[PDB]
Amino acid sequence: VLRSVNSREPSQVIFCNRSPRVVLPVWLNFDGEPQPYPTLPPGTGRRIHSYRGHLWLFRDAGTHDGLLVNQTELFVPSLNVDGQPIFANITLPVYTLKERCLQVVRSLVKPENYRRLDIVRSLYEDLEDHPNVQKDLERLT
Amino acid sequence: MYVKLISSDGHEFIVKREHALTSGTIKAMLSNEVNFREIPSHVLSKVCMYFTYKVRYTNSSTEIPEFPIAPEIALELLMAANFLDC
Amino acid sequence: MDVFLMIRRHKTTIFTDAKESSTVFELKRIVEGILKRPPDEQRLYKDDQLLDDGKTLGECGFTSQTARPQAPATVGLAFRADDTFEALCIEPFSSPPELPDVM
Ligand SMILES: CC(C)(C)CC(=O)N1C[C@H](O)C[C@H]1C(=O)NCc1ccc(-c2cnco2)cc1
C-alpha cells in the first residue's frame, strides 16, 4: 500500500538536515520496500533528483529514531514551479520525555545488558523495542 | 494559575497548571499541590523543564533543539516519565 | 523575546517566562502573585549580585539564547522578615546516584 507511484516525472528536491542527527533518507520503492540512500551529516543539505509521487522518510542513521520532514512523517515530491526545487526540511520531533529517556539509556547500555538495569520488566521491553522502519510502515498502514 | 509539585526530598516546584497537565497522571492526582514520594528533586526539576520545552516547541516552525539529559539522571528520569506518562 | 527562568529561594522553585525587555520590579510583581509577598519584601539576584528594580532582565544578562525552555536561567530570591532581609539561600537539588556499571 505505502509505495511510490511510478510517474516518471522528475522532481528536484533539496534535503535539508536541520537536526543534530546524522540523517538516513529512506525511499519507499514501487513494491513498498524501504531503500536506504547516502546519509546527511548534521546541518547539511543535498540537491537530489527524485520523482513526483515518490515517497520518502527520514531517520537517525545510527539509532533509527524518527524524524520529521516539513512537519510530517512522509515527504512526496510535487510539481516543480518555475524550475525551483522542493524543500525537504528535516527536523527533530518533540519526542515524549519517555521516548527521549529511552534513546539516552539505549545509547549508554549495550542490548545484552538491558536486563541488568534495576527497572520494571515493562521498561526492559520498551528498551528492546527499538525504533525500526518496518514497524512504522505497518503503523502508517 | 499555578500548581505545586513537591519532590521526595521536599523541593517545591511551582509551574503553570496547563504545563503540568502535559501529564495525564498529574491531571488525575489534581482531580492543588501534588507530593511525589518517589521522584527526587534532581529528576523533578528536569520534568518541569520538559513541560516548558514541550509547550514552547510543539506546533512551532522554528528549528527544534535536542532536549538534554545527563547520563547520571537518565534512568531515574525514565522511571518518572513512565509513571507520569509524558 | 521570552526568557525562561527558575526563581529560587530555599526549597522553592518557580518556573516562569518573561520578556527580555521586562524589568526586575515587574518580575517581583509576578513573584508577588504566586507567593503572596509584595515587591518591597523581595530581593532578586543573579548569582550573588543584587538586581536593581528598574533594570531590564536583558540588561542583567537574562537573554533569550541563555535562558532557554529546556535549560532555564536561575534568579535568586530573598525575603524580608519584618525589618531586615534574610541572606540569599538556595537549597541545592538532590545528587544523582553512581552510574550503574552497565552505563
Ligand atoms: C528506480 C530508481 C532508483 C532508478 C528511481 C530513481 O531514480 N530514484 C528513486 C528516488 O525517487 C530517487 C531517485 C534516485 O535514485 N536519484 C538519484 C539519487 C542519487 C543520490 C541521492 C542522494 C544523495 N544524498 C542522499 O541521497 C538521491 C538520489
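Quick reminder, even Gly has a Cβ in these numbers, built from the backbone with ideal geometry, and neighbours come from all protein chains shown. Read-outs: derived from the displayed coordinates by stated rules, not from any lab.
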In debye to the nearest 20, the charge dipole size for the protein assembly as shown, taken about the Cα centre with +1 at each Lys and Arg Cβ and -1 at each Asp and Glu Cβ, equals 680
Computed for chain A: size of charge dipole around the Cα centre, +1 on C-beta of each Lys and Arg, -1 on C-beta of each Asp and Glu, debye to nearest 20, value 300
Those chymotrypsin sites (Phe, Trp or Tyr not before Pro) from the stretch A:25-81 that are DSSP loop and have at most 16 other Cβ neighbours within 10 Å turn out to be A:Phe30
Simple spin-label estimate for A:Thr63/B:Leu21, 7 Å along Cα→Cβ, in nm, reads 3.1
For chain A, Rg(Cα) over 2.2 N^0.38 Å is 1.17
In order over the stretch B:53-60: 3J(HN,Hα) from phi, Karplus 6.51/-1.76/1.60, θ = phi - 60°, whole Hz, x for each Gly or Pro, gives 4, 4, 4, 5, 9, 6, 6, 10
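For A:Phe87 and C:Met1, FRET efficiency with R0 = 35 Å and r from the beta-carbon atoms, rounded to 0.05?
The computed FRET efficiency comes out at 0.85.
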The size of the Cβ-based charge dipole (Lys, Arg +1; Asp, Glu -1) of the stretch B:1-80 about the Cα centre, to the nearest 20 debye, is 340
Under the 7 Å Cα-to-Cβ spin-label approximation, C:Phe25 and A:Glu33 lie apart by a distance in nanometres of 7.3
Within chain C, excluding any trypsin sites (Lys or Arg not before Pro) found in a DSSP loop (not H, G, I, E or B) and having at most 15 other Cβ atoms within 10 Å, the longest uninterrupted segment runs C:56-103
Farthest towards the positive end of the dipole of chain B, among B:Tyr50, B:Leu30, B:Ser8 and with Cβ unit charges of +1 on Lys and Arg and -1 on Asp and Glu, lies the Cα of B:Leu30
Over chain C, the sum of -39500 (n - 2.57) across DSSP H runs of at least four, divided by residue number and rounded to 500 deg cm²/dmol, gives at 222 nm -3500 deg cm²/dmol
From the cross-link list B:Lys54/C:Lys55; B:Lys16/C:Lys36; B:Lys16/C:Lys19; B:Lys27/C:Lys36, the entries with a Cα-Cα span beyond 23 Å are B:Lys54/C:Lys55; B:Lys27/C:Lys36
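How much of the pair distance distribution for chain B lies past 21 Å, counting alpha-carbon pairs only, in percent?
26
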Volume per residue (Å³) of the convex hull spanned by the alpha carbons of chain C is 118
The simple spin-label model distance between C:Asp47 and A:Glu138, using points 7 Å out along Cα→Cβ, in nm, is 5.5
For the stretch C:1-55, whose charge dipole is built from +1 on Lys and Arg Cβ atoms and -1 on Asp and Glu Cβ atoms, the candidate among C:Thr12, C:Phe25, C:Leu44 with its Cα farthest towards the positive end is C:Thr12
